[PDB]
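Residue numbers (UniProt numbering): 21 to 358. Each residue gets a CB set at the ideal place from its N, CA and C atoms; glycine is no exception. Here's the structure we're looking at; comments come further down.
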Amino acid sequence: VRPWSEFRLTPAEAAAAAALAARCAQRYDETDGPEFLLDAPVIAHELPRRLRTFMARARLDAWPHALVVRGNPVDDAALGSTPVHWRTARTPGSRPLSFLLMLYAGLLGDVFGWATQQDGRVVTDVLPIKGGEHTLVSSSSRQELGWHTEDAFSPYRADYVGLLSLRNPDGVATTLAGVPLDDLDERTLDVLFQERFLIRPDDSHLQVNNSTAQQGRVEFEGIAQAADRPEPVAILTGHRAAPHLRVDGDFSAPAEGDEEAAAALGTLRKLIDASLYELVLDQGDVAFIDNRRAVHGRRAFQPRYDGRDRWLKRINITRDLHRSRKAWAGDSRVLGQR
Ligand SMILES: N=C(N)NCCCC[C@H](N)C(=O)O
Ligand SMILES: O=C(O)CCC(=O)C(=O)O
Ligand SMILES: [Fe+2]
């Protein structure tokens with residue numbers, strides 16, 4: 021069996037999708053522009069029909085931890101070298117594939133970014149940054165990126181996290197885990213459903229990991245407030261027979277003094293560690309991880325820094341943009357609170 025739902029494009033289907041993405045790259049200035057953000061979900065209706073059928077059906081299945089699409093061609097010569105930093109990572113060689121990710125994402129929901137992550141970009145980059153090997157962010161390498169719900173701190177966190185592998189020559193694995201429902205006893209389960217846990221914002225929302233500028237400044241105040249004064253929240257929500265999950269291995273904690281909550285979180289850590297499995301996104305593979313059913317991470321790897329490091333494009337997707345209207349800056353798709 022497979023804990024995720026998988027689709028493999030035929031070469032003709034893959035070529036057609038690539039051609040559509042190239043057409044979009046020709047007609048629009050950028051992926052994050054207001055025009056393409058609005059048009060992408062409608063343009064996505066032109067994608068191969070079998071793919072559209074897969075995305076419409078697979079999103080509605082009860083079981084998958086992710087939707088995986090294999091077989092998008094990528095030419096390393098045309099792509100160019102892996103950028104040394106996310107700031108300069110919008111290279112012409114990666115441009116069509118960024119449009120492709122956006123088109124696929126449009127079939128699943130509304131895309132958005134954060135004013136406090138990678139300068140408010142909607143399509144972001146995952147690549148190893150020299151000197152940042154042992155950090156808690158996605159540009160780490162030598163230190164494993166521990167399992168987490170994406171943006172667990174925030175009620176406006178994505179429903180799906182999309183990852184498109186531009187290159188991954190050494191087959192470094194993305195990690196995944198669902199709710200360990202086969203092992204959680206009912207008392208522990210009960211406690212995890214109660215608002216007895218603290219979840220702070222991760223290091224990607226700190227000013228040090230964004231560019232020096234006077235734009236998207238006030239949104240860092242809300243991040244500080246979530247870090248300093250986290251309100252108690254639940255880890256599990258919804259149906260007891262199929263709970264949704266909100267946890268971060270490195271940023272979760274029990275409510276102060278709450279030893280029963282602590283025991284439940286401790287047990288959850290153990291059970292998630294034991295059931296964590298691997299998904300290798302080879303060059304051209306795309307994954308849309310269900311951020312409510314599963315946590316994810318990335319295995320430790322030795323970075324190359326020779327121009328051919330592992331490199332992903334990434335995007336946040338919500339089923340309903342209006343859920344986060346508090347955090348709207350204006351008419352943009354960039355979230356953050358004061
Ligand atoms: N357990 C950890 N490390 N949690 C934080 C994960 C960081 C993900 C973030 N969007 C990034 O791009 O770094
Ligand atoms: O590198 C990966 O496969 C996933 C990285 C990740 O968890 C993220 O960017 O949020
Ligand atoms: Fe993540």
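Just curious, the beta strand (DSSP E) that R28 is in, first and last residue?
25-28
Going by alpha carbons, who is nearest to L29 out of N92, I292, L127?
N92
With respect to 7 Å, is the separation between the Cβ of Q227 and the closest non-hydrogen atom of ligand 1 below this value?
Not so, every heavy atom of ligand 1 lies at least 7 Å from the Cβ.
Could you round the C-beta distance between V146 and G133 to whole angstroms and report it? I think they count as a contact, below 8 Å.
Contact doesn't hold; Cβ gap of about 14 Å is too wide.
Is the stretch 99-117 touching the stretch 147-162 in the sense that three or more CB pairs, one from each, lie closer than 8 Å?
yes
Say the cut is 7 Å; is the CB of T194 nearer than that to a heavy atom of ligand 2?
yes
Does the beta-carbon of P221 have 16 or more other beta-carbons within 10 angstroms, so that it is buried, or is it exposed?
buried
Tell me whether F74 sits in a helix, a strand or coil according to DSSP, three-state version.
Helix at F74.
Member of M75, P23, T136, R77 whose CA lies at the smallest distance from the CA of residue 19:
Any question about residue 19 goes unanswered here, given that the chain covers just 21 to 358.
Is the beta carbon of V157 within less than 7 Å of some heavy atom of ligand 1?
yes
May I ask you to report which of helix, strand or coil DSSP gives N336?
strand
Decide if the stretch 300-314 is in contact with the stretch 149-165; the criterion is three or more beta carbon pairs, one per stretch, under 8 Å apart.
Note that the stretch 300-314 does not touch the stretch 149-165; fewer than 3 beta-carbon pairs, one per stretch, sit closer than 8 Å.
Going by the beta-carbon positions, is the gap between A41 and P112 smaller than 8 Å?
Their beta carbons are not under 8 Å apart, which means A41 does not touch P112 by this criterion.
Contact between the stretch 271-286 and the stretch 200-218 is defined here as three or more beta-carbon pairs at a separation below 8 Å; is this criterion met?
yes
With 16 as the cutoff for other CB atoms within 10 Å, does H85 come out buried or exposed?
For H85, the number of other beta carbons within 10 angstroms of its own is at least 16, and it is reported as buried.
Return the first residue and the last residue of the beta strand (DSSP E) that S114 is part of.
Taken as a continuous stretch (DSSP letters only), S114 belongs to no beta strand (DSSP E), as it is neither H nor E.
So, at 6 Å on beta carbons, what are the nonlocal neighbours of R330 in its own chain, with the 5 sequence-adjacent residues on each side left out?
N188, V192
Secondary structure at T144, three-state DSSP: helix, strand or coil?
strand
Give every residue of the same chain whose Cβ lies closer than 8 Å to the Cβ of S231, excluding the five residues on either side of it in the sequence, and list them in chain order.
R107, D139
Segment limits, beta strand (DSSP E) that includes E298
297-300
Smallest Cα separation from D223: which of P323, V88, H154?
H154
Determine the burial state of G198: buried for a count of at least 16 other Cβ atoms within 10 Å of its Cβ, exposed for fewer.
buried
Determine whether the beta carbon atoms of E33 and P68 lie at a separation below 8 Å.
yes
Proximity of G129 and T257 at Cβ, strictly below 8 Å:
no
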